[PDB]
Amino acid sequence: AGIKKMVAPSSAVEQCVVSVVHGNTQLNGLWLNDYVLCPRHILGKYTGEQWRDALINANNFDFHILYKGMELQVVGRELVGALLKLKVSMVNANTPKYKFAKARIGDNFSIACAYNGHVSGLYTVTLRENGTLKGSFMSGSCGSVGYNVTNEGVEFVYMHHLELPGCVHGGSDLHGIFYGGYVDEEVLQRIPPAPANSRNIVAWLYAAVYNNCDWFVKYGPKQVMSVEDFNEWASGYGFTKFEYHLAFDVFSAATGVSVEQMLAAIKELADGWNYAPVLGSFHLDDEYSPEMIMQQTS
Amino acid sequence: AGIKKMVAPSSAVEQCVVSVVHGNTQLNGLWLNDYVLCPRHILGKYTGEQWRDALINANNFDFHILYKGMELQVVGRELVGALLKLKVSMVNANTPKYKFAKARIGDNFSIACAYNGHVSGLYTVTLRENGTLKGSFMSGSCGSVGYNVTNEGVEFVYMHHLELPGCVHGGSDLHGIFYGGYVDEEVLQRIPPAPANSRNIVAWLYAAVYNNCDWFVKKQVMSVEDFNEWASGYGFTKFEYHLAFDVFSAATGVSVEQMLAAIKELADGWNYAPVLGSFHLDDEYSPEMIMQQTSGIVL
Ligand SMILES: *[C@H](O)[C@H](C[C@@H]1CCNC1=O)NC(=O)[C@H](CC(C)C)NC(=O)OCc1ccccc1
Ligand SMILES: *[C@H](O)[C@H](C[C@@H]1CCNC1=O)NC(=O)[C@H](CC(C)C)NC(=O)OCc1ccccc1
């Protein structure tokens with residue numbers, strides 16, 4: 001029992017994290033095969049077609065790359081979306097089996113938070129409705145990657161670029177595509193809102209029942225709210241339309257609590273509560289994917 | 001900016017995690033040098049003096065150990081407090097620089113939660129006043145270790161043994177000493193409740209101020225002496241100094257006494273506005289975990 005934010009083990013990622021320094025810009029890259037990927041603002045702060053011109057005019061010898069104190073010489077440079085791809089003269093002999101994948105809204109993945117080309121800390125994030133994260137990043141952490149680990153190998157899903165006002169973090173996939181409607185420029189940007197993820201909240205409320213925290217359904221006469229009714233309510237109250245997940249078949253069977261009881265709970269609990277904590281909290285938590293809860297309950 | 005539960009990188013620990021199976025009992029161990037440590041209940045469910053005799057009567061060949069699917073033959077065995085130390089036929093050539101150290105109350109450390117000798121996920125815990133953790137463990141996860149990564153190398157501080165009432169967890173240090181007043185026996189054990197850690201709450205409120213959330217200090221400061229008297233009757237620990245607070249107070253312009261007054265105001269919860277997303281004081285962040293996440297904040 002117990003419910004925690006589960007990070008994936010980082011050994012395969014650590015063997016790929018490098019520093020990349022150009023001028024006064026210090027950030028991190030990802031070394032796979034014979035190349036390093038890093039955010040294109042390693043070049044400086046540009047917009048639009050200025051990135052291509054900054055690429056043409058840069059010199060490979062001006063990019064200083066280290067892996068654990070060993071220099072990697074840059075022998076080619078190219079832009080890949082919002083990333084620079086720097087070919088280097090040495091193959092990473094510890095390149096893991098890997099794929100590049102896109103995170104889906106509501107998914108968790110793990111951040112290998114790095115400074116000076118060394119991973120300093122790992123943590124879980126959740127991809128929000130507007131393609132942002134609530135992470136923990138300071139100057140020097142750009143190029144930190146987000147990843148998952150499966151039976152097949154590592155999946156790299158994210159590389160960090162920027163912090164929007166309100167501590168809203170933004171980045172790209174490893175093909176250099178930004179995850180939401182923001183760009184890597186220090187100008188004000190209007191971005192769609194981030195409604196609470198109802199699906200994830202249902203997973204967390206099941207987690208609570210698994211852990212004998214069930215006052216919000218076991219006390220008071222049973223209530224249910226239909227999906228249709230819940231969706232119409234949710235659209236006016238800053239929650240996402242409900243989406244089903246196969247985990248809920250397992251959870252509902254094991255707990256005896258239906259999905260419709262959980263939707264009615266969300267509506268009742270949506271302004272918070274003070275009766276008793278739910279998994280330590282007095283507000284609904286949308287940060288856990290159904291996968292993360294299943295891995296800790298069954 | 002932002003505040004998250006920060007786990008230490010796991011590469012060094014992963015190269016030490018093994019499965020240990022004895023009969024129907026499946027758990028994990030820690031392979032360092034030419035030995036593996038694992039919980040003694042790999043032997044069965046014994047009590048008190050029976051463990052010594054159960055270890056003496058076991059055969060080395062009845063312990064099956066795998067590292068990443070590779071067999072490690074047990075060639076010796078010894079009881080070390082709550083652990084078995086199983087000598088094996090191969091030295092771990094990836095043994096990191098390490099020490100065994102005791103976590104202190106309020107400390108964070110990272111858990112490498114393992115099943116079948118494979119780390120499935122990591123998370124952070126906080127050593128509570130009564131020597132328990134709020135972790136996440138299922139059957140098969142015993143022998144998972146807690147660790148920190150420091151300048152010197154890895155510090156192994158915890159090995160997992162059991163789940164107590166209330167979804168709380170207990171275990172030992174790597175000398176086999178249990179962290180609180182409990183043992184590895186499946187009988188009801190009464191353990192003293194754990195007050196909220198005031199020191200860590202102070203660190204978390206500083207974290208909020210670093211992140212431009214400071215409504216709760218915006219006078220009436222409270223002295224450490226008055227705070228300690230109030231805390232002793234309200235389920236909070238006495239304040240304890242931590243040298244991170246010299247940095248936090250200077251950077252934020254907010255004194256510890258302001259923060260202690262805030263703890264008293266906020267002790268029953270609030271609903272004015274969130275603090276770092278929360279409506280109750282959070283004691284799960286050590287001052288070291290906050291410092292690591294704020295040291296580069298300019299604003
Ligand atoms: C890269 O290391 C850094 C990460 C930031 C630093 C603070 N917290 C982060 O996540 N990224 C930047 O500094 C980034 C560089 C630009 C050229 C994209 N700029 C930034 O994040 O400034 C904050 C900001 C971004 C967009 C509009 C208004 C303010
Ligand atoms: C060892 O893997 C296991 C870890 C427990 C399993 C459930 N959650 C844990 O943390 N330890 C035990 O099973 C332990 C064995 C004794 C001989 C020490 N007994 C125990 O923890 O009893 C409580 C319990 C609660 C829920 C399921 C199984 C056991």
# chains A, B, ... in the order shown; residues from 1 in each chain; ligands from 1
>>> residues_near_ligand(ligand="ligand 1", cutoff="7 Å", atoms="only C-alpha atoms and all ligand atoms", output="list in words")
residues 27, 41, 44, 45, 137, 138, 139, 140, 141, 142, 160, 161, 162, 163, 164, 165, 169, 184, 185, 186, 187, 188 and 189 of chain A; 1 of chain B
>>> write_last_selection(atoms="N, CA, C and O atoms", output="compact mmCIF listing (two decimals), in the first residue's frame")
# COMPACT_ATOMS: atom_id res chain seq x y z
N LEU A 27 23.86 24.74 -21.10
CA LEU A 27 22.69 23.86 -20.91
C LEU A 27 23.16 22.42 -21.11
O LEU A 27 24.36 22.13 -21.02
N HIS A 41 18.23 27.25 -28.55
CA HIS A 41 18.72 28.49 -27.97
C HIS A 41 20.13 28.38 -27.36
O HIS A 41 20.63 29.39 -26.85
N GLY A 44 21.73 31.26 -28.92
CA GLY A 44 21.37 32.58 -28.47
C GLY A 44 19.85 32.73 -28.53
O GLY A 44 19.11 31.76 -28.74
N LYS A 45 19.36 33.94 -28.40
CA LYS A 45 17.91 34.15 -28.43
C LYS A 45 17.44 34.80 -29.74
O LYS A 45 17.59 36.01 -29.95
N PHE A 137 12.72 23.57 -12.44
CA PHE A 137 13.81 23.87 -13.36
C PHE A 137 14.34 25.27 -13.08
O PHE A 137 13.56 26.23 -12.96
N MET A 138 15.66 25.40 -13.11
CA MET A 138 16.33 26.67 -12.90
C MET A 138 17.23 26.96 -14.09
O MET A 138 17.38 26.15 -15.00
N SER A 139 17.85 28.13 -14.06
CA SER A 139 18.86 28.45 -15.06
C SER A 139 19.88 27.32 -15.16
O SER A 139 20.33 26.77 -14.15
N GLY A 140 20.25 26.96 -16.39
CA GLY A 140 21.17 25.88 -16.62
C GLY A 140 20.55 24.50 -16.85
O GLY A 140 21.29 23.56 -17.18
N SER A 141 19.24 24.35 -16.65
CA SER A 141 18.62 23.02 -16.74
C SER A 141 18.06 22.72 -18.11
O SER A 141 17.56 21.59 -18.32
N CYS A 142 18.04 23.69 -19.02
CA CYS A 142 17.52 23.36 -20.35
C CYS A 142 18.27 22.17 -20.95
O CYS A 142 19.45 21.91 -20.64
N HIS A 160 13.65 19.95 -22.21
CA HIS A 160 13.17 21.20 -21.58
C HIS A 160 13.75 22.46 -22.24
O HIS A 160 14.96 22.53 -22.52
N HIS A 161 12.86 23.47 -22.44
CA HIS A 161 13.26 24.76 -23.05
C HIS A 161 12.92 26.00 -22.24
O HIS A 161 13.70 26.97 -22.30
N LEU A 162 11.77 26.07 -21.53
CA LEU A 162 11.39 27.40 -21.04
C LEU A 162 10.40 27.34 -19.87
O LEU A 162 9.79 26.30 -19.60
N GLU A 163 10.31 28.45 -19.16
CA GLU A 163 9.35 28.61 -18.06
C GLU A 163 8.44 29.77 -18.40
O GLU A 163 8.92 30.88 -18.55
N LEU A 164 7.18 29.51 -18.53
CA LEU A 164 6.17 30.55 -18.70
C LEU A 164 5.74 31.13 -17.34
O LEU A 164 5.93 30.53 -16.27
N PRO A 165 5.18 32.35 -17.35
CA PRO A 165 4.73 32.96 -16.09
C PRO A 165 3.81 32.03 -15.31
O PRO A 165 3.01 31.28 -15.89
N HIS A 169 6.06 25.10 -17.21
CA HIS A 169 7.23 24.70 -17.97
C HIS A 169 6.86 24.16 -19.35
O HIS A 169 5.79 23.54 -19.53
N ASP A 184 10.09 29.23 -28.05
CA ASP A 184 11.28 29.52 -27.26
C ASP A 184 11.73 30.96 -27.50
O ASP A 184 12.84 31.22 -28.01
N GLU A 185 10.89 31.90 -27.04
CA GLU A 185 11.18 33.32 -27.12
C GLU A 185 10.70 34.00 -25.85
O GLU A 185 9.66 33.62 -25.31
N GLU A 186 11.45 34.98 -25.37
CA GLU A 186 11.12 35.65 -24.11
C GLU A 186 10.23 36.85 -24.39
O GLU A 186 10.62 38.01 -24.25
N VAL A 187 9.04 36.54 -24.86
CA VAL A 187 7.97 37.50 -25.10
C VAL A 187 6.72 36.92 -24.47
O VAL A 187 6.60 35.70 -24.28
N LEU A 188 5.78 37.80 -24.14
CA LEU A 188 4.52 37.33 -23.58
C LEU A 188 3.79 36.47 -24.61
O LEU A 188 3.78 36.76 -25.81
N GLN A 189 3.24 35.35 -24.13
CA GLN A 189 2.55 34.38 -24.97
C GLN A 189 1.25 34.00 -24.28
O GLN A 189 1.23 33.72 -23.08
N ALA B 1 12.07 27.86 -11.58
CA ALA B 1 11.43 27.65 -10.29
C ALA B 1 10.58 26.38 -10.34
O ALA B 1 10.78 25.56 -11.21
>>> residues_around(residues="residue 56 (chain B)", least_positions_apart="3", cutoff="9 Å", atoms="only C-alpha atoms", output="compact mmCIF listing (two decimals) with N, CA, C and O atoms, in the first residue's frame")
# COMPACT_ATOMS: atom_id res chain seq x y z
N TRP B 51 15.77 -16.52 14.90
CA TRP B 51 16.40 -16.19 13.62
C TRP B 51 17.77 -16.83 13.52
O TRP B 51 18.12 -17.40 12.47
N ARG B 52 18.55 -16.76 14.62
CA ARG B 52 19.91 -17.32 14.65
C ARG B 52 19.90 -18.80 14.29
O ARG B 52 20.66 -19.28 13.43
N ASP B 53 18.99 -19.54 14.89
CA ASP B 53 18.89 -20.96 14.59
C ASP B 53 18.40 -21.22 13.17
O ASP B 53 18.81 -22.20 12.54
N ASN B 59 20.66 -24.02 4.26
CA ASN B 59 21.75 -24.40 3.35
C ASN B 59 22.06 -23.22 2.42
O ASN B 59 21.15 -22.57 1.92
N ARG B 77 27.02 -17.39 4.76
CA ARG B 77 25.81 -16.72 5.25
C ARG B 77 26.05 -16.32 6.68
O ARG B 77 26.75 -17.03 7.41
N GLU B 78 25.43 -15.20 7.08
CA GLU B 78 25.61 -14.63 8.40
C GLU B 78 24.40 -13.76 8.75
O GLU B 78 23.84 -13.09 7.89
>>> interface_residues(of="chain A", to="chain B", cutoff="10 Å", atoms="only C-alpha atoms", output="PyMOL selection string")
chain A and resi 1-15+111-113+118-125+134-140+149-150+163+166-169+211-213+271-274+277+280-283+285+292+295-298
>>> residues_near_ligand(ligand="ligand 2", cutoff="9 Å", atoms="only C-alpha atoms and all ligand atoms", output="PyMOL selection string")
(chain A and resi 1-2) or (chain B and resi 25-28+39-42+44-46+115+135-144+160-165+167-171+183-187)
>>> write_last_selection(atoms="N, CA and C atoms", output="compact mmCIF listing (two decimals), in the first residue's frame")
# COMPACT_ATOMS: atom_id res chain seq x y z
N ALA A 1 0.84 -1.22 0.00
CA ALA A 1 0.00 0.00 0.00
C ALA A 1 0.86 1.24 0.00
N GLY A 2 0.18 2.38 -0.01
CA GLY A 2 0.82 3.67 -0.18
C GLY A 2 0.78 4.13 -1.62
N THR B 25 9.54 -17.52 -0.76
CA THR B 25 9.75 -16.15 -0.36
C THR B 25 10.60 -15.46 -1.42
N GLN B 26 10.08 -14.37 -1.99
CA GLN B 26 10.76 -13.63 -3.05
C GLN B 26 10.99 -12.21 -2.56
N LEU B 27 12.24 -11.79 -2.52
CA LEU B 27 12.47 -10.36 -2.21
C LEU B 27 13.77 -9.94 -2.89
N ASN B 28 14.30 -8.80 -2.47
CA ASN B 28 15.44 -8.18 -3.12
C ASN B 28 16.58 -8.02 -2.14
N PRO B 39 16.69 -8.78 3.76
CA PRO B 39 15.99 -8.93 5.02
C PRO B 39 16.03 -10.39 5.54
N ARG B 40 16.12 -10.55 6.84
CA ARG B 40 16.25 -11.93 7.35
C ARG B 40 15.00 -12.75 7.16
N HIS B 41 13.84 -12.13 6.90
CA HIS B 41 12.65 -12.94 6.70
C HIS B 41 12.66 -13.62 5.37
N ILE B 42 13.75 -13.47 4.60
CA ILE B 42 13.96 -14.41 3.50
C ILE B 42 13.90 -15.85 4.03
N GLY B 44 11.93 -17.06 6.45
CA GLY B 44 10.64 -17.48 6.95
C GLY B 44 10.19 -16.51 7.98
N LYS B 45 9.08 -16.82 8.65
CA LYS B 45 8.47 -15.89 9.61
C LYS B 45 8.79 -16.40 11.00
N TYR B 46 9.87 -15.93 11.54
CA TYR B 46 10.35 -16.32 12.84
C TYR B 46 10.24 -15.17 13.81
N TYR B 115 11.12 -5.16 -7.59
CA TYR B 115 10.42 -6.44 -7.58
C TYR B 115 11.24 -7.39 -8.42
N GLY B 135 5.68 5.27 2.38
CA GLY B 135 6.21 4.84 1.12
C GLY B 135 5.13 4.25 0.26
N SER B 136 5.56 3.36 -0.67
CA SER B 136 4.64 2.68 -1.58
C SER B 136 5.31 1.35 -1.88
N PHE B 137 4.78 0.29 -1.26
CA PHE B 137 5.44 -1.00 -1.37
C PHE B 137 4.36 -2.08 -1.43
N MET B 138 4.58 -3.09 -2.29
CA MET B 138 3.71 -4.25 -2.35
C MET B 138 4.49 -5.50 -2.04
N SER B 139 3.77 -6.62 -1.92
CA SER B 139 4.47 -7.89 -1.74
C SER B 139 5.53 -8.07 -2.81
N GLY B 140 6.68 -8.61 -2.40
CA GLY B 140 7.83 -8.76 -3.28
C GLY B 140 8.85 -7.60 -3.23
N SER B 141 8.52 -6.50 -2.56
CA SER B 141 9.39 -5.32 -2.58
C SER B 141 10.33 -5.27 -1.40
N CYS B 142 10.26 -6.23 -0.47
CA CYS B 142 11.22 -6.20 0.64
C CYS B 142 12.66 -6.27 0.14
N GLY B 143 13.56 -5.67 0.94
CA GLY B 143 14.95 -5.57 0.43
C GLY B 143 15.22 -4.38 -0.47
N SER B 144 14.18 -3.64 -0.92
CA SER B 144 14.39 -2.36 -1.61
C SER B 144 15.15 -1.44 -0.69
N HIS B 160 13.99 -2.17 3.15
CA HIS B 160 12.57 -2.28 3.49
C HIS B 160 12.18 -3.66 4.04
N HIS B 161 11.40 -3.68 5.14
CA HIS B 161 10.93 -4.95 5.72
C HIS B 161 9.41 -5.11 5.84
N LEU B 162 8.63 -4.06 6.10
CA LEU B 162 7.24 -4.40 6.48
C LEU B 162 6.34 -3.17 6.39
N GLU B 163 5.04 -3.45 6.31
CA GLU B 163 4.01 -2.41 6.27
C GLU B 163 3.21 -2.45 7.56
N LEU B 164 3.08 -1.32 8.17
CA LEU B 164 2.39 -1.13 9.43
C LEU B 164 1.03 -0.55 9.19
N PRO B 165 0.18 -0.53 10.23
CA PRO B 165 -1.18 -0.05 10.02
C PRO B 165 -1.15 1.40 9.54
N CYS B 167 -1.01 2.26 6.25
CA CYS B 167 -0.23 2.40 5.04
C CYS B 167 1.09 3.09 5.37
N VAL B 168 1.70 2.71 6.49
CA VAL B 168 3.03 3.24 6.79
C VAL B 168 4.02 2.08 6.81
N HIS B 169 5.32 2.44 6.66
CA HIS B 169 6.33 1.45 6.33
C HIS B 169 7.48 1.50 7.32
N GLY B 170 8.05 0.33 7.56
CA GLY B 170 9.17 0.20 8.47
C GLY B 170 10.28 -0.67 7.90
N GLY B 171 11.49 -0.42 8.37
CA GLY B 171 12.64 -1.18 7.88
C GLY B 171 13.82 -0.87 8.75
N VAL B 183 9.33 -4.55 15.02
CA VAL B 183 10.13 -5.71 14.59
C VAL B 183 9.47 -6.34 13.39
N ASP B 184 10.20 -7.27 12.75
CA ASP B 184 9.71 -7.94 11.55
C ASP B 184 8.89 -9.16 11.95
N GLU B 185 7.74 -8.89 12.59
CA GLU B 185 6.81 -9.95 12.99
C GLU B 185 5.40 -9.53 12.62
N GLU B 186 4.61 -10.47 12.14
CA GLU B 186 3.26 -10.16 11.64
C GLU B 186 2.25 -10.25 12.77
N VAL B 187 2.46 -9.41 13.78
CA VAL B 187 1.52 -9.21 14.87
C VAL B 187 1.33 -7.71 15.05
>>> closest_residue(among="A:257, A:132, A:290, A:71", to="residue 245 (chain A)", atoms="only C-alpha atoms")
A:290
>>> closest_residue(among="A:247, A:259, A:37, A:225", to="residue 82 (chain A)", atoms="only C-alpha atoms")
A:37
>>> closest_residue(among="B:175, B:242, B:219, B:199", to="residue 85 (chain B)", atoms="only C-alpha atoms")
B:175
>>> select_by_dssp(residues="region 95-238 of chain A", states="alpha helix (DSSP H)", output="JSON, numbers by chain")
{"A": [198, 199, 200, 201, 202, 203, 204, 205, 206, 207, 208, 209, 210, 215, 216, 217, 218, 227, 228, 229, 230, 231, 232, 233, 234, 235]}
>>> select_by_dssp(residues="region 21-144 of chain B", states="strand (DSSP E)", output="compact mmCIF listing (two decimals) with N, CA, C and O atoms, in the first residue's frame")
# COMPACT_ATOMS: atom_id res chain seq x y z
N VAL B 21 15.70 -15.30 -3.53
CA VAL B 21 14.54 -16.19 -3.38
C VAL B 21 14.93 -17.38 -2.51
O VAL B 21 16.02 -17.94 -2.66
N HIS B 22 14.06 -17.75 -1.58
CA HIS B 22 14.30 -18.89 -0.70
C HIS B 22 12.94 -19.55 -0.58
O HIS B 22 12.03 -18.95 0.00
N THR B 25 9.54 -17.52 -0.76
CA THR B 25 9.75 -16.15 -0.36
C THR B 25 10.60 -15.46 -1.42
O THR B 25 11.73 -15.89 -1.66
N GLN B 26 10.08 -14.37 -1.99
CA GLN B 26 10.76 -13.63 -3.05
C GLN B 26 10.99 -12.21 -2.56
O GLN B 26 10.03 -11.48 -2.28
N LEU B 27 12.24 -11.79 -2.52
CA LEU B 27 12.47 -10.36 -2.21
C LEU B 27 13.77 -9.94 -2.89
O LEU B 27 14.23 -10.58 -3.86
N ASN B 28 14.30 -8.80 -2.47
CA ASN B 28 15.44 -8.18 -3.12
C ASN B 28 16.58 -8.02 -2.14
O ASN B 28 16.40 -8.09 -0.91
N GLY B 29 17.76 -7.83 -2.71
CA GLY B 29 18.92 -7.62 -1.89
C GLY B 29 19.81 -6.56 -2.51
O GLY B 29 19.55 -6.05 -3.60
N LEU B 30 20.91 -6.29 -1.78
CA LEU B 30 21.89 -5.27 -2.18
C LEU B 30 23.25 -5.97 -2.28
O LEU B 30 23.77 -6.46 -1.27
N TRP B 31 23.83 -5.94 -3.49
CA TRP B 31 25.11 -6.65 -3.81
C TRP B 31 26.20 -5.61 -3.84
O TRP B 31 26.21 -4.72 -4.72
N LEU B 32 27.13 -5.73 -2.90
CA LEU B 32 28.27 -4.86 -2.76
C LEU B 32 29.45 -5.77 -2.53
O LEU B 32 29.38 -6.69 -1.72
N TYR B 35 29.29 -9.63 -1.32
CA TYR B 35 28.21 -10.10 -0.47
C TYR B 35 26.89 -9.44 -0.90
O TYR B 35 26.87 -8.42 -1.62
N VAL B 36 25.82 -10.02 -0.42
CA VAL B 36 24.46 -9.48 -0.64
C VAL B 36 23.80 -9.34 0.71
O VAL B 36 23.77 -10.31 1.47
N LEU B 37 23.20 -8.18 0.97
CA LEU B 37 22.41 -8.00 2.20
C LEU B 37 20.95 -8.13 1.82
O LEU B 37 20.55 -7.61 0.76
N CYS B 38 20.14 -8.76 2.67
CA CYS B 38 18.69 -8.80 2.40
C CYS B 38 17.99 -9.00 3.71
O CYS B 38 18.61 -9.30 4.71
N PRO B 39 16.69 -8.78 3.76
CA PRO B 39 15.99 -8.93 5.02
C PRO B 39 16.03 -10.39 5.54
O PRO B 39 15.90 -11.33 4.77
N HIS B 64 18.62 -18.44 -3.81
CA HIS B 64 18.83 -18.23 -5.23
C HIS B 64 18.90 -16.71 -5.46
O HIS B 64 17.95 -16.01 -5.11
N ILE B 65 20.01 -16.24 -6.04
CA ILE B 65 20.26 -14.79 -6.22
C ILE B 65 20.53 -14.54 -7.67
O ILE B 65 21.30 -15.29 -8.28
N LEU B 66 19.90 -13.50 -8.24
CA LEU B 66 20.14 -13.11 -9.62
C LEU B 66 20.46 -11.62 -9.68
O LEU B 66 19.74 -10.82 -9.06
N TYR B 67 21.45 -11.25 -10.53
CA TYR B 67 21.74 -9.87 -10.88
C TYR B 67 21.45 -9.74 -12.36
O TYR B 67 22.13 -10.36 -13.19
N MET B 70 21.55 -12.95 -14.06
CA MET B 70 22.76 -13.74 -13.90
C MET B 70 22.84 -14.31 -12.49
O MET B 70 22.68 -13.59 -11.52
N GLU B 71 23.14 -15.61 -12.41
CA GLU B 71 23.17 -16.33 -11.15
C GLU B 71 24.37 -15.86 -10.31
O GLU B 71 25.50 -15.75 -10.81
N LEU B 72 24.14 -15.64 -9.01
CA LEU B 72 25.20 -15.42 -8.05
C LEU B 72 25.11 -16.55 -7.03
O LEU B 72 24.08 -16.70 -6.36
N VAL B 74 25.53 -18.45 -3.65
CA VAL B 74 25.82 -18.15 -2.24
C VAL B 74 26.85 -19.13 -1.72
O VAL B 74 26.67 -20.36 -1.81
N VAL B 75 27.92 -18.59 -1.13
CA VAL B 75 28.97 -19.42 -0.55
C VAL B 75 29.19 -19.15 0.93
O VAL B 75 30.08 -19.75 1.52
N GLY B 76 28.38 -18.29 1.56
CA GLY B 76 28.51 -18.07 2.99
C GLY B 76 27.27 -17.34 3.45
O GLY B 76 26.56 -16.75 2.63
N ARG B 77 27.02 -17.39 4.76
CA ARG B 77 25.81 -16.72 5.25
C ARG B 77 26.05 -16.32 6.68
O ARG B 77 26.75 -17.03 7.41
N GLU B 78 25.43 -15.20 7.08
CA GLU B 78 25.61 -14.63 8.40
C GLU B 78 24.40 -13.76 8.75
O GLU B 78 23.84 -13.09 7.89
N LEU B 79 23.97 -13.78 10.01
CA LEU B 79 22.92 -12.86 10.47
C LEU B 79 23.57 -11.57 10.95
O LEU B 79 24.56 -11.60 11.69
N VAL B 80 23.03 -10.43 10.48
CA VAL B 80 23.51 -9.11 10.84
C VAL B 80 22.25 -8.34 11.27
O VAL B 80 21.61 -7.67 10.43
N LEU B 83 19.11 -8.30 9.07
CA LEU B 83 19.47 -8.67 7.70
C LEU B 83 20.21 -10.00 7.69
O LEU B 83 20.82 -10.38 8.69
N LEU B 84 20.21 -10.66 6.52
CA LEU B 84 21.19 -11.70 6.27
C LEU B 84 22.26 -11.10 5.41
O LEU B 84 21.95 -10.28 4.54
N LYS B 85 23.50 -11.45 5.68
CA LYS B 85 24.62 -11.15 4.77
C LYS B 85 25.04 -12.46 4.10
O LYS B 85 25.53 -13.38 4.77
N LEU B 86 24.84 -12.53 2.78
CA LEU B 86 25.09 -13.74 2.00
C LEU B 86 26.33 -13.51 1.17
O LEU B 86 26.32 -12.68 0.25
N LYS B 87 27.41 -14.21 1.50
CA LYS B 87 28.59 -14.10 0.68
C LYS B 87 28.31 -14.80 -0.64
O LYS B 87 27.73 -15.89 -0.65
N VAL B 88 28.81 -14.20 -1.75
CA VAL B 88 28.58 -14.74 -3.08
C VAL B 88 29.90 -14.93 -3.82
O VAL B 88 30.95 -14.38 -3.44
N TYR B 98 30.80 3.84 -1.22
CA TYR B 98 29.57 3.88 -0.43
C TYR B 98 29.88 3.96 1.05
O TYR B 98 30.96 3.58 1.51
N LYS B 99 28.88 4.39 1.80
CA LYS B 99 28.87 4.21 3.24
C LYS B 99 27.47 3.83 3.67
O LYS B 99 26.48 4.10 2.98
N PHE B 100 27.43 3.15 4.79
CA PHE B 100 26.18 2.89 5.48
C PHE B 100 26.02 4.00 6.48
O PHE B 100 26.89 4.19 7.33
N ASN B 108 15.10 13.52 4.01
CA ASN B 108 14.65 12.73 2.86
C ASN B 108 15.68 11.68 2.48
O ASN B 108 16.88 11.82 2.72
N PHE B 109 15.18 10.62 1.84
CA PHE B 109 16.05 9.74 1.06
C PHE B 109 15.22 9.11 -0.04
O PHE B 109 14.00 9.31 -0.12
N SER B 110 15.93 8.51 -1.00
CA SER B 110 15.28 7.96 -2.18
C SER B 110 15.13 6.46 -2.03
O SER B 110 16.03 5.79 -1.53
N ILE B 111 13.97 5.94 -2.48
CA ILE B 111 13.69 4.50 -2.48
C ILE B 111 13.82 3.98 -3.90
O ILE B 111 13.15 4.49 -4.82
N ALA B 112 14.60 2.93 -4.06
CA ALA B 112 14.67 2.16 -5.32
C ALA B 112 13.73 0.97 -5.15
O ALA B 112 14.13 -0.09 -4.65
N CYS B 113 12.45 1.16 -5.51
CA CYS B 113 11.43 0.16 -5.24
C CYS B 113 11.61 -0.97 -6.24
O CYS B 113 11.50 -0.73 -7.45
N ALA B 114 11.94 -2.18 -5.77
CA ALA B 114 12.29 -3.27 -6.65
C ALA B 114 11.33 -4.42 -6.48
O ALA B 114 10.87 -4.68 -5.36
N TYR B 115 11.12 -5.16 -7.59
CA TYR B 115 10.42 -6.44 -7.58
C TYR B 115 11.24 -7.39 -8.42
O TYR B 115 11.78 -6.97 -9.44
N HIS B 118 14.51 -6.13 -9.87
CA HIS B 118 14.54 -5.10 -10.91
C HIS B 118 13.91 -3.83 -10.34
O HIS B 118 12.75 -3.88 -9.86
N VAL B 119 14.61 -2.70 -10.43
CA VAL B 119 14.01 -1.46 -9.88
C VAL B 119 12.86 -1.08 -10.79
O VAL B 119 13.08 -0.84 -11.99
N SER B 120 11.65 -1.01 -10.24
CA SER B 120 10.46 -0.67 -11.01
C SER B 120 10.17 0.82 -10.97
O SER B 120 9.53 1.35 -11.88
N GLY B 121 10.52 1.48 -9.90
CA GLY B 121 10.25 2.91 -9.80
C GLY B 121 10.96 3.43 -8.56
O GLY B 121 11.27 2.65 -7.65
N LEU B 122 11.17 4.74 -8.54
CA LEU B 122 11.78 5.39 -7.40
C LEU B 122 10.88 6.50 -6.90
O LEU B 122 10.07 7.05 -7.64
N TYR B 123 11.05 6.83 -5.62
CA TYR B 123 10.36 7.95 -5.05
C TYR B 123 11.10 8.40 -3.80
O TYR B 123 12.06 7.74 -3.37
N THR B 124 10.70 9.58 -3.27
CA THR B 124 11.32 10.06 -2.03
C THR B 124 10.43 9.77 -0.83
O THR B 124 9.18 9.71 -0.91
N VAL B 125 11.10 9.59 0.31
CA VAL B 125 10.41 9.45 1.59
C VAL B 125 11.04 10.43 2.57
O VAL B 125 12.10 11.02 2.33
N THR B 126 10.41 10.54 3.72
CA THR B 126 10.89 11.38 4.83
C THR B 126 10.87 10.54 6.09
O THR B 126 9.87 9.85 6.33
